[PDB]
Amino acid sequence: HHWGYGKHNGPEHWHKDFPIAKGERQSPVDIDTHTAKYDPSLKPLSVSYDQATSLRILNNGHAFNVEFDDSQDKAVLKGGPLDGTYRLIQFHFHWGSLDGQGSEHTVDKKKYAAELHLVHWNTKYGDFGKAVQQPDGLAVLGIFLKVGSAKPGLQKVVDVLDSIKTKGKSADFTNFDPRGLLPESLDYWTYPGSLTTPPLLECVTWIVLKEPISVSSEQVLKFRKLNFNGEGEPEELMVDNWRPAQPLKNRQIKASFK
Ligand SMILES: [Hg+2]
Ligand SMILES: [Zn+2]
């Protein structure tokens with residue numbers, strides 16, 4: 001029926017409706033640190049989020065997205081392995097039902113409690129929908145979350161969750177500053193890959209930061225209270241909305257550091 005993360009419509013079934021699931025550049029992947037190659041020609045990333053305009057938060061039935069105004073070069077990513085400017089359109093998380101799982105990418109097979117994806121689209125393409133028809137159409141910044149100390153900057157997101165508990169609900173969500181979600185270091189791994197949810201388009205340049213951010217147990221706990229279901233439908237908690245690691249195939253993971 002429609003895709004999800006359950007036993008009957010889970011990642012193992014996606015290929016039936018989206019054959020690209022068994023493609024050559026699928027994400028996420030396991031990051032083998034001993035095989036990733038340091039590339040000294042990679043430039044430092046340039047994250048310019050001071051003019052960011054958040055608009056809304058929405059429960060789309062698979063996760064919650066915070067959306068941004070992308071009509072101008074307000075919040076952009078450049079440098080790193082990228083050519084051109086990429087505009088932030090939305091961010092969302094993947095998390096688990098337990099602290100030992102929830103990330104999509106793994107590092108030497110290590111799974112984190114969650115993973116944040118900041119999705120950006122290549123401005124040369126004019127709009128999001130055009131960017132997803134190109135091999136260099138998107139850039140996703142991935143950040144691992146480990147449970148430890150609370151992250152002050154995440155608290156405003158945590159607090160609005162109650163209001164978008166069920167699928168289809170949205171809430172105004174202005175003046176949120178994504179800078180409060182970044183780790184101190186911008187060292188990263190990069191590889192060519194895809195979106196991790198259907199349509200699984202292979203248009204992404206992945207930029208996975210080495211340094212995880214800490215979140216508190218209570219922060220994570222509130223994510224686990226969301227619902228996959230719509231209002232008035234039987235309750236199915238929104239947990240484990242992550243795709244397992246895919247074969248690397250003919251791809252090389254590059255490191256911005258050694
Ligand atoms: Hg593409
Ligand atoms: Zn994602």
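- This entry lists X-ray crystallography as its structure determination method and reports a resolution of 1.88 Å.

## Considerations on the pattern of salt bridges
Link 1 in the chain: In this structure the tally under the stated criterion is 11 salt bridges.
Link 2 in the chain: Its salt-bridge partner being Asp73, residue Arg87 comes within 2.6 Å of it at the nearest N-O pair. Of this pair, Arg87 sits in strand β7 (residues 86-95) while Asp73 sits in the loop between β5 (64-68) and β6 (76-79), and the two are 14 residues apart along the sequence.
Link 3 in the chain: Take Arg87: its relative accessible area is 14%, and that puts it in the buried class.
Link 4 in the chain: Between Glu231 and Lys169 there is a salt bridge whose closest N-O contact spans 3.2 Å. Separated by 62 residues along the polypeptide, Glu231 in the loop between α3 (217-223) and β15 (254-255) and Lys169 in the loop between α2 (155-160) and β11 (170-172) bring together distant segments of the chain.
Link 5 in the chain: Classification of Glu231 by relative accessible area gives exposed; the value is 61%.

## Observations regarding the coordination of the zinc ion (ligand 2)
Link 1 in the chain: At 2.1 to 2.3 Å from the zinc ion (ligand 2) lie its protein donor atoms, namely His92 (NE2), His94 (NE2) and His117 (ND1).
Link 2 in the chain: Summarised as a motif, the one-chain spacing of the donors to the zinc ion (ligand 2) is H-x1-H-x22-H. Placement of the pair is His92 in strand β7 and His117 in strand β9 (residues 114-122), with a sequence separation of 25 residues.
Link 3 in the chain: Classification of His92 by relative accessible area gives buried; the value is 12%.
Link 4 in the chain: For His117, a relative accessible area of 2% puts it in the buried group.

## Observations concerning the side chain of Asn227
Link 1 in the chain: Take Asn227: it is sitting in the loop between α3 and β15.
Link 2 in the chain: Sequence-distant contacts of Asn227, that is, excluding residues within four places in its chain, are made with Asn59, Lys165, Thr166, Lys167, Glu235, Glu236, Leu237 and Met238.

## Details of the UniProt feature "active site" in the protein chain
Link 1 in the chain: UniProt's entry tags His62 with the feature "active site", counted in the numbering of this structure.
Link 2 in the chain: In this structure, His62 sits in the loop between β4 (54-59) and β5.
Link 3 in the chain: Beyond its immediate sequence surroundings of up to four residues, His62 is in contact with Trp3, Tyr5, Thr197, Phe228, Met238 and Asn241.

## Points about the packing of aromatic side chains
Link 1 in the chain: Under the counting rule described, the total for this entry stands at 15 aromatic pairs.
Link 2 in the chain: Judged by centre distance (5.9 Å) and plane angle (40°), the rings of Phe64 and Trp95 are tilted. Taken together, the positions of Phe64 in strand β5 and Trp95 in strand β7 put the pair 31 residues apart, joining distant regions of the chain.
Link 3 in the chain: We classify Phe64 as buried; its relative accessible area is 0%.
Link 4 in the chain: Ring geometry for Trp95 against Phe223: centres 5.2 Å apart, planes inclined by 65°, an arrangement best described as edge-to-face.

Rules behind the numbers
Residues numbered from 1 in each chain as written, not as in the entry; some residues may be left out. Chains lettered and ligands numbered in written order. Heavy atoms only, no water. Salt bridge = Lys/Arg side-chain N within 4 Å of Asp/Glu carboxyl O. Helix = DSSP H or I, 4+ residues; strand = E, 2+ residues; numbered from the N terminus. Buried < 20%, exposed > 50% of the residue type's maximum accessible area, 1.4 Å probe, protein only. Donors = N, O, S within 2.8 Å, 3.2 Å for Na, K, Ca; no water. Contact = heavy atoms within 4.5 Å. UniProt positions renumbered as here; feature names shortened; annotations may be inferred. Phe/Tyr/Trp six-rings, centres within 6.5 Å; stacked < 30°, edge-to-face > 60°.

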